[PDB]
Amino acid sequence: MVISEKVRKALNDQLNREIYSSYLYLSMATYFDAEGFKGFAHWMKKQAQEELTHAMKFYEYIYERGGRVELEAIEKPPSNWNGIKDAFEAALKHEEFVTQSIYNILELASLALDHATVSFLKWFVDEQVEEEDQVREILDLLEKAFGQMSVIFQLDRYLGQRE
């Protein structure tokens, strides 16, 4: 182990946090499927495969560092919200808490003098000043829709074709 047990613990908690991001985004699908937004569910669903691919990268990095991963319990996510906005609001806060979480690991890793993990985390800070700019954009759109259903379908149908 060239990592410190301190930085590998934090990289391990971050692996656990995105697994839960993958479960919470899947759960927002179950709601969006339930309320008939197939395109909003499709998107959440692929936001869940994307957070899982992030966990893989954390997973493998821990092991090349020399360390080992330990998985923790996943607690049951919210299943129902107050509407499309309330759900996509929720994706926005969660995509902000993880933006802050990855700031602490970034710091922590520079405080620890870990030049590699910092560099490795370089891609994730950028990755997620995108992702939570997308989500806010999403929510700023369904506002001016104003419950006008014509253009919510328009957004369902458009986020529904993210590949």
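We number the residues from 1 along the sequence you see.
Engineer: Can you let me know which of the two, 128 to 136 or 42 to 50, has the higher average C-alpha B-factor in the entry?
Structural biologist: The stretch with the larger mean CA B-factor is 128 to 136.
Engineer: Rank-wise, by C-alpha B-factor, drop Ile84 into the lowest, middle or highest third of its chain.
Structural biologist: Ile84: CA B-factor falls in the highest third of its chain.
Engineer: Compared with the other modelled residues in the chain, in which third is the CA B-factor of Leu71?
Structural biologist: Lowest third of the chain for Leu71's C-alpha B-factor.
Engineer: Divide the modelled residues of the chain into thirds by Cα B-factor and specify which third, lowest, middle or highest, holds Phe120.
Structural biologist: Lowest third, going by the recorded CA B-factors of the chain.
Engineer: By the recorded C-alpha temperature factor, relative to the other modelled residues in its chain, which third is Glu18 in?
Structural biologist: Its C-alpha B-factor, which the entry lists for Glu18, ranks in the lowest third among residues of this chain.
Engineer: Place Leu155 in the lowest, middle or highest third of its chain's C-alpha B-factors, as listed in the PDB entry.
Structural biologist: Middle third.
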